[PDB]
Amino acid sequence: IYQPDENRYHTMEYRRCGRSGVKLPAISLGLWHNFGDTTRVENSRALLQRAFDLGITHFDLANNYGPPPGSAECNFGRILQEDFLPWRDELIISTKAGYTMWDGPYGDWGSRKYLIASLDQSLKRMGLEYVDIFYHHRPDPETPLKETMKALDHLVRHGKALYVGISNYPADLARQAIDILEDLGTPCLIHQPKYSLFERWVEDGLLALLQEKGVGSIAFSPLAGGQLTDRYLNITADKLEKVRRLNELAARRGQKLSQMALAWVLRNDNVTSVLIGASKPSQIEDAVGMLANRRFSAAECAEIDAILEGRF
Amino acid sequence: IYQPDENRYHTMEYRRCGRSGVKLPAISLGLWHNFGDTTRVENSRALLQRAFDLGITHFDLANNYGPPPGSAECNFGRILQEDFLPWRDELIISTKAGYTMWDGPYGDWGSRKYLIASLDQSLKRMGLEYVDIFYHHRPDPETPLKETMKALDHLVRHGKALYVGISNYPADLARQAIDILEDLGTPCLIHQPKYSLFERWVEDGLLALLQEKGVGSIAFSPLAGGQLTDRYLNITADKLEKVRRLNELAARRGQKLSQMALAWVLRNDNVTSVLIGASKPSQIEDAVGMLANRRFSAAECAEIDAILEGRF
Amino acid sequence: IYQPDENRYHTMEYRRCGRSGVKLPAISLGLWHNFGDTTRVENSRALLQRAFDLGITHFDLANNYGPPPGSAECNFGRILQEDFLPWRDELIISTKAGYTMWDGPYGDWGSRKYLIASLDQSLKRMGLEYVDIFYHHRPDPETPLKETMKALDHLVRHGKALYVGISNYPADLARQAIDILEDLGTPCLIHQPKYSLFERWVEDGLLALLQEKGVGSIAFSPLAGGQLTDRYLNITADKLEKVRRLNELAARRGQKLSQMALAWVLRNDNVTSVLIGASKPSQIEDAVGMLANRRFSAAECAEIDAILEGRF
Amino acid sequence: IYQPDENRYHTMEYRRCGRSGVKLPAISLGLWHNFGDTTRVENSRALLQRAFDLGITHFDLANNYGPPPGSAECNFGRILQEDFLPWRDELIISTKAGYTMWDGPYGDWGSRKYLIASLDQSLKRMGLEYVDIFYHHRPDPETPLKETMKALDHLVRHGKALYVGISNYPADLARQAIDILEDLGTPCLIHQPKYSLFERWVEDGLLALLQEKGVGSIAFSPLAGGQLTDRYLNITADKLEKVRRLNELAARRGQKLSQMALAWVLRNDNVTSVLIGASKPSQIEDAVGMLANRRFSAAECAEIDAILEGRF
Amino acid sequence: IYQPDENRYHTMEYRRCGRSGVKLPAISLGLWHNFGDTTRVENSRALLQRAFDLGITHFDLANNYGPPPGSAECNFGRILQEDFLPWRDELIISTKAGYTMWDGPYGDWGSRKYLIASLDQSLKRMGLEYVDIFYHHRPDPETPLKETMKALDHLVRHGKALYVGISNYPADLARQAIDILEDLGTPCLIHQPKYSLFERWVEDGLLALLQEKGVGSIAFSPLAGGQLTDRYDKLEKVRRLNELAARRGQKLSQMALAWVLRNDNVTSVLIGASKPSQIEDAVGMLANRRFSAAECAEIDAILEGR
Amino acid sequence: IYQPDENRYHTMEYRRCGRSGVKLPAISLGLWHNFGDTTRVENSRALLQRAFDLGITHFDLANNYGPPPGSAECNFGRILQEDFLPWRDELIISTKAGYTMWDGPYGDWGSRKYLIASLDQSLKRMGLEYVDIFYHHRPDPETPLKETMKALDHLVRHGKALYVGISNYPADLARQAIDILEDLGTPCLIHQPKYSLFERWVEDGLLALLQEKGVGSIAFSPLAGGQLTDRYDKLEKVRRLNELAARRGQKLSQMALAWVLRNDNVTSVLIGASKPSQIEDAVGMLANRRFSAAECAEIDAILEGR
Ligand SMILES: C[As](C)(=O)[O-]
Ligand SMILES: C[As](C)(=O)[O-]
Ligand SMILES: C[As](C)(=O)[O-]
Ligand SMILES: C[As](C)(=O)[O-]
Ligand SMILES: C[As](C)(=O)[O-]
Ligand SMILES: C[As](C)(=O)[O-]
Ligand SMILES: [Cl-]
Ligand SMILES: [Cl-]
Ligand SMILES: [Cl-]
Ligand SMILES: [Cl-]
Ligand SMILES: [Cl-]
Ligand SMILES: [Cl-]
Ligand SMILES: [Cl-]
Ligand SMILES: [Cl-]
Ligand SMILES: [Cl-]
Ligand SMILES: [Cl-]
Ligand SMILES: [Cl-]
Ligand SMILES: [Cl-]
Ligand SMILES: [Cl-]
Ligand SMILES: [Cl-]
Ligand code: NA
Ligand code: NA
Ligand code: NA
Ligand code: NA
Ligand code: NA
Ligand code: NA
Ligand SMILES: [Zn+2]
Ligand SMILES: [Zn+2]
Ligand SMILES: [Zn+2]
Ligand SMILES: [Zn+2]
Ligand SMILES: [Zn+2]
Ligand SMILES: [Zn+2]
């Protein structure tokens, strides 16, 4: 019988998601990889237990995570029932619809049919009465935004999601989505964009829009899929040189490169949380350990920018 | 155990229903005839299986289809449970209320009482939690349109229908119905009118209204009840001459007359789908085969119009 | 096993309730008396069966009908389950809250607490998922009208009543109630006032207001509690003289006095239905027999008015 | 088997809560103390039975009452099932969320997550389908007021609370909360502030705001936690002198000091009810006995004010 | 959230109940007193948690335990749901019917109506699908033993009790009851008699009968209602016994519990407790369970007043 | 969506289990290894689908199979719901209790409490209303055999198991168990013993007893834990046996499975597998099941070291 570490809320920093009542853990765990039927459930279980023990209260899923599609939700559902049920109200659990889940015209994209039918499937797979956050997973250019937004509003009003969010929406469209949801009376809680030292698109307008609108943000691929780790220490030659120079700065800060890379995403206090992936419990411990040194000075930021813009 | 043809989504074209997230199959199957207790369930089952195998994802019912009334919904309900349940989220299932279903003042027309009580009966007969589209089946001149429209809005808000539509509404009234639904916040998805080479009323204003308003359309009786088929090849004498001349043009196009007649309804890309009836699986294969030649040139359209306006 | 008379919809006239989709039987049956534990269920059963056999599709209850309070709903609930369940969708069943039902501050009047808790009790006693019409039974001068009206709106939105109405509301207050309900989006279907040859208050403004607003009406005590019957043939002396003179006019019309008295309430086509009480099946047959002569000429109306204004 | 005293509605005065349909007992019983696992259930049961027998129809709980947290709701739940279920519709039961209930970021404060998850827990512990009043227990300065207010509106619309209220809100913020709720369409029923002879903050603006807005009020700690009782008769020396002088005035009125202190809170007819705590049935009898002399003259009010402002 | 001590099975002794598959802890906890609505649930909860943490896997209830009647079952039911549900299959939970529970002729004694209706009420109060052991709580001298025994047989066959027992049955009647249940196909698992240094009647035939028949035994009031403790003519015996306990390095209560289990003749002792320390004291008896012939002779001498 | 091979019943042999109505596939699949949380569900799913596609209709589980204990039942439960539910009435699913499953005196061995509580847990993990066969997994030398057998009888009468069996029971004890179950009215369907070319103890009396009593048999570890495969003094025997298999046109594993079923004396062989090819190899043994007296004499010679 699993018993959550009694010190878990001392080990983690919780950050308010935009202008809302929700505080997310600075580090959240994504189930994008390592929770399907091609990996071992013993390991999946160990990752979730380690995460909650360290104070990670947010687990992010999607209908099609696995492989195969739906298996991450099923495995999470089993582990939730077996180990976490007494603490479900201490967790923020998300899922999504918007990429390809099942074959045919109703198993992908942004229709009301797909969003409603898919959340019903997700709730069944996970064994939940509701999710905390339901996302539209990517934009659908060919479906009216109001249909998709009204499906999100309907799912909140009917108690299948407490809050809703959007993912992979460029700034212009995000603005439209946010304003529609506000008008419907179910405000967008959060935006999930890709953001790391190596992918800074959100700094071109998205982050400022979200701050304007009171919407939170949770960065995915914050380690640039593993590039911002020890992987290439012990990609292009220019990339490798950048990774070595960033790693030296991380060492100077008493951090692994991955730790500095996670800390850096929260450096301006305009991103709420970082969503990590993990295949082994030590990667979760390392991520949470980033909190020992979150601060970046102006000098450190300039040093990093010069490394990133460096050609030699 | 029925297993849907793995190539089904390669065999069919899916068309967006107005401005919405719903794509209907170019060919939909109606259960108006051949699904009641006066025909054989073995045949009914074969028709539904053949249809889905060819990519037809939309099955259109109504409360009073049979005979007797309600039997098409019951037979569909049984076949759905036995053969299609794992694929229910790949299907668009519709039903309707508005013609005579049961005796007395609450079993016909457009009252809130009849629409709500009838959809509850339909959901029970079909064994469904909700239908994808619920229609008001014909106008009710003596009930305020707002009562009927609010009943549709209520059924969507309370999760018994994902979308709503109207059938047999002339253009002026359709405009009023659409605008009311828009104001209530549950937009009309679709209009179901009668339309074929021999019944072109919708070209007098309805089709343009629906395009203006972003509402889709699904044509019923597209073969003019069997007249636009091989039936009279191997009605009036003038009709017969038209059928022979249209059949010659269809042969020139590598098509049966029925195939050309279905293709013709979608020729201007201002109708979403054609709703066919069938008594045998070969009629479903023939209908889907129309997709091999959907295109009509200006010259072909003029040739057809001249045949239709011909007196000798 | 009871089987409803196959000719029932030939025997009755159905009248549209204001501007709505609901047609009520010209004669409705009230369960105000003869359905409690102080009378015999065999008789109660016979009355309901006779009524439906003659085409009476509307049965009107209230929480406190009996005696004791709640017993009419229980007896109706049993008879409905035993005899009428297959035909529930052919019936309009109403109940009400607003007079004294249980002791204490929450068992009377017009609070949201009382209306919601009382309809839940009524639905349990009757064994129903919803009533067709739920009424506020009388005004509550000390509770804000908007609280009571919002409770009615909430019960419709949440599917416990298909429609709502008000009873015993004077015209000024009825106007306020109607306008509030319209603004909330759940329009008042019907008003239930006392109206007979001997109680004509509604002709002082109420009937014109209801016609203005598209609201129907159902008259209770249309026989002035039994005075407009054979009771005093085979009260004051002036009353008795009026009853004899009205009875002579009824005989001239081929009617019993009670038949003419019911017909008279519908004479101007500004009242929807008359709500009768009955202790024996013959009184229901007599009431429905009034339909053989509903018409009143200007001359007959003047003759009646002169009798009513007569002092000698 | 407990049977409620047949004279209970003769023994108590019921007072309208602001402009609403709800009349609260002049004396309500709070379960803040003496209903957890550190006291005896026999005593808890005796207190609730005595209270209802005397006409106290309102029992006020909160998620974290005990100790331990949740135990008062559980003990109340058991006693309700065992003894009070036939009379649940004669009771007003409240609960709250807003102080610390469970560990972590979702178990305290004012988020939609916490309010919804906590009311679901409360309904389970108490064995109820809904509470009569659900409160936000204290302000949350860091969560947008609209999120918290919309959670209250959502819980009413979805039938988990009949009415909502706020507690411990200063006047400025109370005004904002009230106006938001009005705009959402679920008006604030009641405000629960601390108020007694020794804590008169509400007279600085709150009571006038509530009267302006039609919102009721229920005073907690009306005996200043036991100071306004016999406790110090048979704190500071200045306090003690005040208690002796107030006690002499109470004796002159034929009252215990606690009785006068409760009566005084309702003296201006601008507070709805007083919420008492009790550890033994005699304290409930004493409280209800205050009703024998509720009236205060201008002279008595000046005498009390002079005692309160007295330094010697 | 309570978590059972991981070492709970490392020290406690488990003893097979007659010839059966059931091993009871040498010390079992009874809920006869201190589990009703007149004592604080915080304490009741602490007693159950301390007991299971020390390896006590058997909790003994009855319909009328409280006070008021039924409250011990309700309080236990709540604590079970809240704290113990994941470990229910590690517990042996008993209840009983046979004393006064409700008013009137069907709420006491030995009829099939009372036993069946009572176990249904107990299962509801405790929130259980079945009890591990259901007992007839005392003999009824006027209802045929076959009716009562058939009610026990019916309850096991219908899955409301895994096993049945009898309590307070004198030896001759116990023999009859045991033989009837064996014939019906639901053998008697266990007998619950009063037994202690001061109440040795079971040594006059009951214990030998149970051995003969393969039926287990669980002694109630093993400390003679608290007389065999630090709490105090019998006072002279208590003093003398306490001096022998002292020489054995034990509390008198510890020696008194050890004495009941001196032979494999008794399966378990059912203690009462109002405080966790009393449970800790009882489990500590395990450290010195042996008695020499000299010690037994000395005990008898003290008991017979020599 | 998985669709069972339409030819699945065209090649597999089915063998009647003693004197009963049950015919087991000649090759059955056990879930002892490679179905827990330490191996990938994708592979487990592929093994079950390949097995049923080849006509293997019997899947054998136990409460503690995994690791961890219970996970094989959970994973099987999930795959059953997802892929096999329409064909559940074409499957024989077994489970067992009798080894260590949970901590404490009620989570192992032979008591009625453990067997009943354990089958309830297994039915929940697997999402089944009943198993086809429930086994006592090993003998318990201290719980009366009647108690254990009556728990089996009770579970069948109450519809949680269609049939019962015993596993790992030596012949003399199996005789007693079989006779007790016959008397109770729920006859023993099947015995599951270890048997292979290297473990022939069942030929010393067990097989004859089962024939006499009409009870079937399903051999476990038929490849002696993988020794009778391509994986390798016994190594000299493995080499010599493999040369005989080669002359027969078979893999050693194939000849080893065929040998266990050489006589109608054994109903089925329960194989383990980590890859689908191992299942395919086992089913291929059906192509050469016969042994001449010369071949048997040659095998014995090899076995006895001549
Ligand atoms: C991190 As993604 C590919 O699920 O938006
Ligand atoms: C095709 As029709 C008569 O159901 O509108
Ligand atoms: C006819 As009445 C007294 O129920 O309004
Ligand atoms: C009386 As309070 C501390 O629950 O607001
Ligand atoms: C210990 As007793 C009096 O309940 O048998
Ligand atoms: C194959 As076995 C050790 O589970 O009997
Ligand atoms: Cl909605
Ligand atoms: Cl990453
Ligand atoms: Cl609605
Ligand atoms: Cl057609
Ligand atoms: Cl509402
Ligand atoms: Cl009348
Ligand atoms: Cl809402
Ligand atoms: Cl106080
Ligand atoms: Cl029986
Ligand atoms: Cl004792
Ligand atoms: Cl005693
Ligand atoms: Cl049985
Ligand atoms: Cl093997
Ligand atoms: Cl082995
Ligand atoms: Na994403
Ligand atoms: Na139509
Ligand atoms: Na009325
Ligand atoms: Na408060
Ligand atoms: Na006893
Ligand atoms: Na085995
Ligand atoms: Zn909700
Ligand atoms: Zn919905
Ligand atoms: Zn509804
Ligand atoms: Zn409600
Ligand atoms: Zn059972
Ligand atoms: Zn059965």
# chains A, B, ... in the order shown; residues from 1 in each chain; ligands from 1
call {"tool": "select_by_dssp", "arguments": {"residues": "region 53-274 of chain F", "states": "strand (DSSP E)", "output": "ChimeraX atom specification"}}
result
/F:58-60,92-97,131-136,161-167,188-192,216-219,268-271
call {"tool": "write_last_selection", "arguments": {"atoms": "N, CA and C atoms", "output": "short mmCIF file (atom, residue, chain, number, x, y, z; two decimals), in the first residue's frame"}}
result
data_model
loop_
_atom_site.label_atom_id
_atom_site.label_comp_id
_atom_site.auth_asym_id
_atom_site.auth_seq_id
_atom_site.Cartn_x
_atom_site.Cartn_y
_atom_site.Cartn_z
N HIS F 58 -7.82 -22.35 -23.25
CA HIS F 58 -7.67 -22.41 -21.80
C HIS F 58 -6.50 -21.55 -21.37
N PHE F 59 -6.80 -20.57 -20.52
CA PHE F 59 -5.82 -19.67 -19.91
C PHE F 59 -5.84 -19.94 -18.41
N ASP F 60 -4.66 -20.23 -17.85
CA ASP F 60 -4.54 -20.61 -16.42
C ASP F 60 -3.85 -19.53 -15.63
N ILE F 92 -11.95 -21.26 -21.28
CA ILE F 92 -11.91 -21.85 -19.92
C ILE F 92 -10.84 -21.04 -19.17
N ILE F 93 -11.25 -20.29 -18.15
CA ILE F 93 -10.35 -19.43 -17.38
C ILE F 93 -10.24 -20.01 -15.99
N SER F 94 -9.01 -20.28 -15.52
CA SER F 94 -8.89 -20.80 -14.16
C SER F 94 -8.16 -19.79 -13.25
N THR F 95 -8.42 -19.90 -11.96
CA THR F 95 -7.52 -19.24 -11.00
C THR F 95 -7.39 -20.14 -9.77
N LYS F 96 -6.61 -19.68 -8.79
CA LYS F 96 -6.28 -20.58 -7.65
C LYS F 96 -6.01 -19.74 -6.40
N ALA F 97 -6.05 -20.41 -5.26
CA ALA F 97 -5.58 -19.80 -3.99
C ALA F 97 -4.91 -20.95 -3.22
N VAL F 131 -15.17 -17.94 -12.48
CA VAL F 131 -14.10 -18.62 -13.25
C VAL F 131 -14.64 -19.98 -13.67
N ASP F 132 -14.04 -20.56 -14.70
CA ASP F 132 -14.45 -21.89 -15.12
C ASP F 132 -13.92 -22.95 -14.14
N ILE F 133 -12.67 -22.76 -13.68
CA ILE F 133 -12.06 -23.72 -12.72
C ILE F 133 -11.37 -22.93 -11.61
N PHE F 134 -11.71 -23.26 -10.37
CA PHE F 134 -11.01 -22.69 -9.23
C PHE F 134 -10.24 -23.82 -8.52
N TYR F 135 -8.95 -23.60 -8.34
CA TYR F 135 -8.12 -24.60 -7.65
C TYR F 135 -7.66 -24.27 -6.26
N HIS F 136 -7.55 -25.31 -5.43
CA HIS F 136 -6.70 -25.17 -4.23
C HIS F 136 -5.26 -25.39 -4.78
N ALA F 161 -17.60 -20.34 -9.33
CA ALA F 161 -16.72 -21.21 -10.14
C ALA F 161 -17.64 -22.27 -10.75
N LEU F 162 -17.43 -22.60 -12.01
CA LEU F 162 -18.24 -23.69 -12.61
C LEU F 162 -17.75 -25.06 -12.17
N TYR F 163 -16.43 -25.19 -12.03
CA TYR F 163 -15.79 -26.45 -11.62
C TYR F 163 -14.63 -26.13 -10.67
N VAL F 164 -14.19 -27.15 -9.94
CA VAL F 164 -13.01 -27.00 -9.07
C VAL F 164 -11.95 -28.07 -9.35
N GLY F 165 -10.74 -27.77 -8.90
CA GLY F 165 -9.62 -28.69 -9.06
C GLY F 165 -8.66 -28.58 -7.91
N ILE F 166 -7.67 -29.47 -7.94
CA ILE F 166 -6.62 -29.43 -6.97
C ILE F 166 -5.29 -29.42 -7.70
N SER F 167 -4.30 -28.80 -7.10
CA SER F 167 -2.97 -28.76 -7.72
C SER F 167 -1.92 -29.12 -6.69
N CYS F 188 -14.37 -33.31 -8.16
CA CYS F 188 -13.14 -32.68 -8.60
C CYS F 188 -13.01 -32.85 -10.11
N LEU F 189 -12.92 -31.74 -10.87
CA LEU F 189 -12.79 -31.87 -12.34
C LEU F 189 -11.39 -32.33 -12.73
N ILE F 190 -10.38 -31.77 -12.06
CA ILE F 190 -9.02 -31.83 -12.63
C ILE F 190 -7.95 -31.69 -11.55
N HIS F 191 -6.80 -32.31 -11.82
CA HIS F 191 -5.61 -32.17 -10.98
C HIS F 191 -4.52 -31.53 -11.86
N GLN F 192 -3.78 -30.57 -11.29
CA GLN F 192 -2.65 -29.94 -11.97
C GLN F 192 -1.31 -30.27 -11.30
N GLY F 216 -9.48 -35.39 -14.62
CA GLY F 216 -8.50 -34.99 -15.65
C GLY F 216 -7.18 -34.51 -15.04
N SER F 217 -6.23 -34.19 -15.92
CA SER F 217 -4.89 -33.76 -15.50
C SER F 217 -4.28 -32.79 -16.45
N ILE F 218 -3.64 -31.75 -15.91
CA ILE F 218 -2.98 -30.79 -16.80
C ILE F 218 -1.58 -30.56 -16.26
N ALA F 219 -0.59 -30.99 -17.05
CA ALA F 219 0.81 -30.95 -16.64
C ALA F 219 1.43 -29.59 -16.69
N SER F 268 -3.92 -32.36 -20.78
CA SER F 268 -3.37 -31.22 -21.51
C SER F 268 -1.99 -30.88 -20.96
N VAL F 269 -1.21 -30.10 -21.72
CA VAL F 269 0.08 -29.56 -21.22
C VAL F 269 -0.05 -28.04 -21.09
N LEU F 270 0.43 -27.49 -19.98
CA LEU F 270 0.31 -26.06 -19.73
C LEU F 270 1.68 -25.48 -20.03
N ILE F 271 1.78 -24.73 -21.11
CA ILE F 271 3.06 -24.12 -21.48
C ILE F 271 3.17 -22.71 -20.93
#
call {"tool": "residues_around", "arguments": {"residues": "residue 48 (chain F)", "least_positions_apart": "3", "cutoff": "9 Å", "atoms": "only C-alpha atoms", "output": "count of residues only"}}
result
12
call {"tool": "interface_residues", "arguments": {"of": "chain D", "to": "chain E", "cutoff": "12 Å", "atoms": "only C-alpha atoms", "output": "ChimeraX atom specification"}}
result
/D:1,34-46,66-68,70-72,74-75,77-79,81-82,102-103,125
call {"tool": "residues_near_ligand", "arguments": {"ligand": "ligand 5", "cutoff": "8 Å", "atoms": "only C-alpha atoms and all ligand atoms", "output": "list in words"}}
result
residues 32, 62, 65, 137, 138, 167, 168, 192, 193, 194, 220 and 221 of chain E
call {"tool": "residues_near_ligand", "arguments": {"ligand": "ligand 24", "cutoff": "10 Å", "atoms": "only C-alpha atoms and all ligand atoms", "output": "JSON list (two decimals) with C-alpha atoms, in the first residue's frame"}}
result
[["chain", "number", "residue", "atom", "x", "y", "z"],
["D", 30, "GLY", "CA", -23.77, 25.79, 15.13],
["D", 32, "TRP", "CA", -18.37, 24.46, 15.39],
["D", 60, "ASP", "CA", -24.81, 25.21, 10.63],
["D", 61, "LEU", "CA", -21.75, 23.14, 9.72],
["D", 62, "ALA", "CA", -18.48, 23.57, 7.81],
["D", 95, "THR", "CA", -21.94, 23.90, 5.14],
["D", 96, "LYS", "CA", -18.93, 25.90, 3.98],
["D", 97, "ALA", "CA", -15.51, 25.81, 2.33],
["D", 98, "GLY", "CA", -12.77, 28.44, 2.56],
["D", 99, "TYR", "CA", -10.54, 27.64, 5.55],
["D", 135, "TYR", "CA", -20.97, 29.39, 2.07],
["D", 136, "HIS", "CA", -17.62, 30.70, 1.02],
["D", 137, "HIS", "CA", -16.17, 30.61, 4.55],
["D", 138, "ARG", "CA", -13.75, 33.59, 4.35],
["D", 166, "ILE", "CA", -20.59, 34.43, 2.38],
["D", 167, "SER", "CA", -18.89, 34.55, 5.78],
["D", 168, "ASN", "CA", -16.25, 36.88, 7.30],
["D", 169, "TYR", "CA", -16.36, 39.28, 4.35],
["D", 191, "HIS", "CA", -23.83, 36.89, 5.33],
["D", 192, "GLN", "CA", -22.38, 35.25, 8.47],
["D", 193, "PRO", "CA", -20.31, 37.78, 10.50],
["D", 194, "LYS", "CA", -19.01, 37.70, 14.10],
["D", 218, "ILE", "CA", -26.58, 35.34, 11.06],
["D", 219, "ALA", "CA", -24.31, 36.36, 13.91],
["D", 220, "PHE", "CA", -21.69, 33.98, 15.22],
["D", 221, "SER", "CA", -19.91, 34.11, 18.63],
["D", 275, "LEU", "CA", -25.88, 31.16, 15.89]]
call {"tool": "residues_around", "arguments": {"residues": "residue 198 (chain C)", "least_positions_apart": "6", "cutoff": "10 Å", "atoms": "only C-alpha atoms", "output": "list in words"}}
result
residues 221, 222, 223, 224, 227, 228, 239, 242, 261 and 308 of chain C
call {"tool": "write_last_selection", "arguments": {"atoms": "N, CA and C atoms", "output": "PDB file, in the first residue's frame"}}
result
ATOM      1  N   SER C 221     -63.731  25.314  -9.934  1.00  0.00           N
ATOM      2  CA  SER C 221     -65.055  25.532  -9.319  1.00  0.00           C
ATOM      3  C   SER C 221     -66.062  26.066 -10.362  1.00  0.00           C
ATOM      4  N   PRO C 222     -66.020  25.522 -11.600  1.00  0.00           N
ATOM      5  CA  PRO C 222     -66.918  26.041 -12.653  1.00  0.00           C
ATOM      6  C   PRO C 222     -68.400  25.753 -12.339  1.00  0.00           C
ATOM      7  N   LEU C 223     -68.696  24.857 -11.379  1.00  0.00           N
ATOM      8  CA  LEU C 223     -70.086  24.626 -10.972  1.00  0.00           C
ATOM      9  C   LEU C 223     -70.388  25.313  -9.641  1.00  0.00           C
ATOM     10  N   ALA C 224     -69.523  26.266  -9.278  1.00  0.00           N
ATOM     11  CA  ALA C 224     -69.669  27.023  -8.022  1.00  0.00           C
ATOM     12  C   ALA C 224     -69.847  26.063  -6.847  1.00  0.00           C
ATOM     13  N   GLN C 227     -73.340  24.256  -6.654  1.00  0.00           N
ATOM     14  CA  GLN C 227     -74.553  25.078  -6.721  1.00  0.00           C
ATOM     15  C   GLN C 227     -75.187  25.057  -8.120  1.00  0.00           C
ATOM     16  N   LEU C 228     -74.349  24.987  -9.149  1.00  0.00           N
ATOM     17  CA  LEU C 228     -74.841  25.002 -10.547  1.00  0.00           C
ATOM     18  C   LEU C 228     -75.083  23.591 -11.051  1.00  0.00           C
ATOM     19  N   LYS C 239     -80.583  33.139  -4.799  1.00  0.00           N
ATOM     20  CA  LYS C 239     -79.729  32.197  -5.503  1.00  0.00           C
ATOM     21  C   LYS C 239     -80.564  31.107  -6.153  1.00  0.00           C
ATOM     22  N   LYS C 242     -82.348  32.085  -9.237  1.00  0.00           N
ATOM     23  CA  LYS C 242     -81.404  32.123 -10.368  1.00  0.00           C
ATOM     24  C   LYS C 242     -81.102  30.720 -10.918  1.00  0.00           C
ATOM     25  N   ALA C 261     -73.539  25.201 -17.571  1.00  0.00           N
ATOM     26  CA  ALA C 261     -72.627  26.005 -16.745  1.00  0.00           C
ATOM     27  C   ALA C 261     -71.164  25.790 -17.191  1.00  0.00           C
ATOM     28  N   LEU C 308     -78.809  36.692 -13.899  1.00  0.00           N
ATOM     29  CA  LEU C 308     -77.792  36.865 -12.862  1.00  0.00           C
ATOM     30  C   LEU C 308     -77.897  38.176 -12.084  1.00  0.00           C
TER      31      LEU C 308
END
call {"tool": "closest_residue", "arguments": {"among": "E:149, E:31, E:180, E:266", "to": "ligand 16", "atoms": "only C-alpha atoms and all ligand atoms"}}
result
E:31
call {"tool": "interface_residues", "arguments": {"of": "chain F", "to": "chain E", "cutoff": "12 Å", "atoms": "only C-alpha atoms", "output": "PyMOL selection string"}}
result
chain F and resi 98+101-121+140-151+153-159+183-184
call {"tool": "residues_near_ligand", "arguments": {"ligand": "ligand 27", "cutoff": "8 Å", "atoms": "only C-alpha atoms and all ligand atoms", "output": "short mmCIF file (atom, residue, chain, number, x, y, z; two decimals) with C-alpha atoms, in the first residue's frame"}}
result
data_model
loop_
_atom_site.label_atom_id
_atom_site.label_comp_id
_atom_site.auth_asym_id
_atom_site.auth_seq_id
_atom_site.Cartn_x
_atom_site.Cartn_y
_atom_site.Cartn_z
CA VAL A 156 -17.64 22.59 -17.80
CA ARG A 157 -21.28 23.50 -17.26
CA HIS A 158 -22.17 19.81 -17.21
CA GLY A 159 -19.48 18.91 -14.75
CA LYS A 160 -17.17 16.77 -16.84
CA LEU A 162 -13.66 21.81 -13.79
CA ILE D 116 -16.71 21.96 -5.80
CA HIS D 154 -22.62 26.62 -10.58
CA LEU D 155 -23.37 24.59 -7.39
CA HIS D 158 -26.58 22.03 -10.52
#
call {"tool": "interface_residues", "arguments": {"of": "chain B", "to": "chain A", "cutoff": "7 Å", "atoms": "only C-alpha atoms", "output": "count of residues only"}}
result
9
call {"tool": "atom_distance", "arguments": {"atom1": "CA of residue 26 (chain D)", "atom2": "CA of residue 91 (chain D)"}}
result
13.9 Å
